[PDB]
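> Give me the fold of what follows.
(one chain, ligands or ions: 4)
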Amino acid sequence: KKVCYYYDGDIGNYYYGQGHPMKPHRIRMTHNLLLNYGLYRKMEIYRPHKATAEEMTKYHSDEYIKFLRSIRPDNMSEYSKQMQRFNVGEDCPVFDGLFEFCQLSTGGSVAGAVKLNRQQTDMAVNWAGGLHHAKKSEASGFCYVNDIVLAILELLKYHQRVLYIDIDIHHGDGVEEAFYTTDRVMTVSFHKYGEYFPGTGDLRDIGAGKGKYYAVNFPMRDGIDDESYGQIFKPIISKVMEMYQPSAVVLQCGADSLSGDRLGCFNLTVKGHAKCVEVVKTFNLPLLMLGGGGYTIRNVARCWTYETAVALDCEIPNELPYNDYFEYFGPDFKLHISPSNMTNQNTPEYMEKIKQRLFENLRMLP
Ligand SMILES: N#Cc1cccnc1N1CCN(C(=O)[C@H]2C[C@@H](c3ccccc3)CN2)CC1
Ligand SMILES: [Ca+2]
Ligand code: NA
Ligand SMILES: [Zn+2]
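Numbering: from 1, shown residues only. Ligands and ions are numbered 1, 2, ... in the order given. Okay, here it is:
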């Protein structure tokens, strides 16, 4: 099984601003770690192209993309009304190179999708992607351009049915919304729910019109652990595969669902998270693996390094190799992480009752 992987050496140089939790540097740390494990010997590594306005407007509105192409720190005063309209300037800040960042993020995802469509690879990886909150005409949740939606649109040229799976701790609302009224994409999100960003992803949100029953949401509480997550992920995705029979899969691998994350409150290890990748691989479908959140950046590097190894069917040692960020991995300098003692608020009965409701909804498919 062939793996192609996208990385631009400048991606880690884009900076959201002092105090902003989103740190693109984590992608560079990921790259450096997997280079030092030698995983480059086993996969094709490509620099993404800069996605064009033409590519982005396959989903996004022309006026929103023109604005993103225009806005800079130095001209914000002139654009204050557009900033309000497009939701840029606070949680989605204006920063130097914002548009180029969007171009490289998106380029990796669309390029991966083209490679899968051309049957030139079995798996494509873009850790700079996964920006699941961006909306047709507005930024949201640190996300400006929805690389995932654009990648899925590319797959839909060749594939009648595309499955999207999202294991970020946040609901993938921008992706769900884009495809909410179609049966040609089934969206499956596992996420923290209960007055938590973005507020959507209720398990009663099942899609609308032709898309009714083609959106699947598994709302979870704080503290979910590897065993609990594993016992619902494999059965739900197995049932989705049996009922939906997709011909391509997109997996958002947001790492803010790991134990110890600065913003998230789940308790997964890197092994528990990566088990999701292993499960999806067993179906032998063309697979686009994307990044996502993650705010404890040493753990993001560990998670995506290990998930790359999983894609390559390669075990790698727990002892970390020397690397340019080695001091970030103290005090233990291991790849794998331990869970915390936080309480798991997801009772066995809760997990099984929700799974049973999702099974009933999946049985509604043709
Ligand atoms: N704005 C906000 C906000 C407000 C209040 C409370 N929380 C807020 N945040 C919490 C953190 N968020 C995420 O982790 C999202 C972002 C997404 C991403 C992936 C790759 C690159 C860039 C972004 C992954 N999931 C966004 C929303
Ligand atoms: Ca999710
Ligand atoms: Na749908
Ligand atoms: Zn997130």
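
> number of nearby residues for residue 327?
Counted with other CB atoms under 10 Å, the neighbours of residue 327 add up to 9. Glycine gets a C-beta too; all of them are placed from N, C-alpha and C.

> show me the contacts for it.
Contact analysis of residue 327 by CB atoms under 8 Å, 6 or more residues apart in numbering lists nothing.

> Give me the distance between it and residue 71.
36 Å (CB to CB, to the nearest Å).

> go on, residue 175?
Taking CB to CB, one finds residue 175 at 24 Å from residue 71.

> Which part of the stretch 51-200 of the chain gets nearest to ligand 3, residue-wise?
residue 179 (4.0 Å; CB to the ion).

> what sits against the residue nearest to that residue when sequence neighbours are not counted?
Leaving aside its chain neighbours, residue 179 sits nearest to residue 185 (3.9 Å; criterion: CB to CB, 6 or more residues apart in numbering). Neighbouring residues of residue 185 by CB under 8 Å, 6+ apart: 152, 156, 161-164, 178-179, 214.

> And the residue nearest the centre of the chain, how close does it get to residue 114?
Closest to where the C-alpha atoms of the chain average out (CA atoms, centre = their mean) is residue 252, at 2.8 Å. For residue 252, the distance to residue 114 (CB to CB) stands at 19 Å.

> just residue 309 next, same as before
25 Å.

> Same check on residue 305?
For residue 305, the distance to residue 114 - CB to CB - is 25 Å.

> Tell me the secondary structure at the residue nearest to residue 139 when sequence neighbours are not counted.
Counting by CB to CB, 6+ apart, the nearest residue to residue 139 once its immediate chain neighbours are dropped is residue 92, at 3.8 Å. What DSSP: H, G, I helix; E, B strand; the rest coil gives for residue 92 is coil.

> So residue 92 is in contact with residue 143, correct?
Yes. Counting by CB atoms under 8 Å, residue 92 does reach residue 143; the two are 7.1 Å apart.

> follow-up on the earlier one: when residue 305 and residue 114 are compared, which one has more neighbours?
residue 305 (27 against 17).

> packing partners for the strand or helix carrying that one?
Element membership for residue 305, per DSSP states H and E: helix 297-311. Taking 3 or more CB pairs under 8 Å, 6 or more residues apart in numbering; DSSP states H and E as contact, the helices and strands that helix 297-311 lies on are strand 3-6, helix 25-36, strand 123-126, helix 270-281, strand 287-290.

> Of all those, which one comes closest to ligand 2?
helix 270-281 (10.7 Å).

> Can you give me the distance of residue 219 to residue 189?
9 Å.

> Who has more neighbours out of residue 175 and residue 71?
residue 175 (27 against 22).

> which SS state does residue 170 fall under?
From three-state DSSP, the assignment for residue 170 is coil.

> Now do the same contact list for it.
Going by CB under 8 Å, 6+ apart, the list of residues near residue 170 reads 132-133, 141, 191-192, 196-198, 254, 256, 293.

> Now, the residues you listed that are in strands?
Judged by DSSP state E, the contacts of residue 170 include 191-192 as members of strands.

> Pull out the buried members of the contacts of residue 170.
Among the contacts of residue 170, those buried by neighbour count (16 or more other CB atoms under 10 Å) are 132-133, 141, 191-192, 196-197, 254, 256, 293.

> Please list which of the contacts of residue 170 also come close to ligand 3.
When the contacts of residue 170 are checked against ligand 3 using CB under 5 Å from the ion, none falls in range.

> Pick out whichever of the contacts of residue 170 sits closest to residue 13.
residue 293 (19.8 Å; CB to CB).

> That closest one: what's it in contact with?
130, 168-170, 254-256, 261, 263-264.

> go on, residue 21?
262-263, 295.

> likewise residue 119?
residue 286.

> so is it in a helix, a strand, or just coil?
Residue 119 ends up coil, using three-state DSSP.

> for residue 218, same thing?
Residue 218 - assigned by three-state DSSP - is strand.

> Burial check on it, number of neighbours?
Applying other CB under 10 Å, we find 22 residues neighbouring residue 218.

> what about it, distance to residue 169?
12 Å.

> which neighbours do the two share?
residue 191.

> Leaving out chain neighbours, which residue sits closest to the residue of the stretch 251-366 of the chain found nearest ligand 4?
Closest residue of the stretch 251-366 of the chain to ligand 4, CB to the ion: residue 293 (2.9 Å). Closest residue in space to residue 293, ignoring its immediate chain neighbours: residue 256 at 3.3 Å, by CB to CB, 6+ apart.

> before we move on, the earlier item: let me know the closest of the buried ones among the contacts of residue 170 to ligand 4.
Using CB to the ion, the buried ones among the contacts of residue 170 come closest to ligand 4 at residue 293, 2.9 Å.

> Does residue 245 touch residue 162 like I think?
No. Contact between residue 245 and residue 162 fails when scored by CB under 8 Å: they sit 11.4 Å apart.

> Name the residue in the two with the higher neighbour count.
Counted by other CB under 10 Å, residue 245 and residue 162 do not tie: residue 162 has more neighbours, with 28 against 12.

> Need the phi and psi values for the more buried one.
phi -120, psi 130 (degrees, to the nearest 10).

> what residues are up against it?
So residue 162 contacts 152, 155-156, 184-186, 246-250 (CB under 8 Å, 6+ apart).
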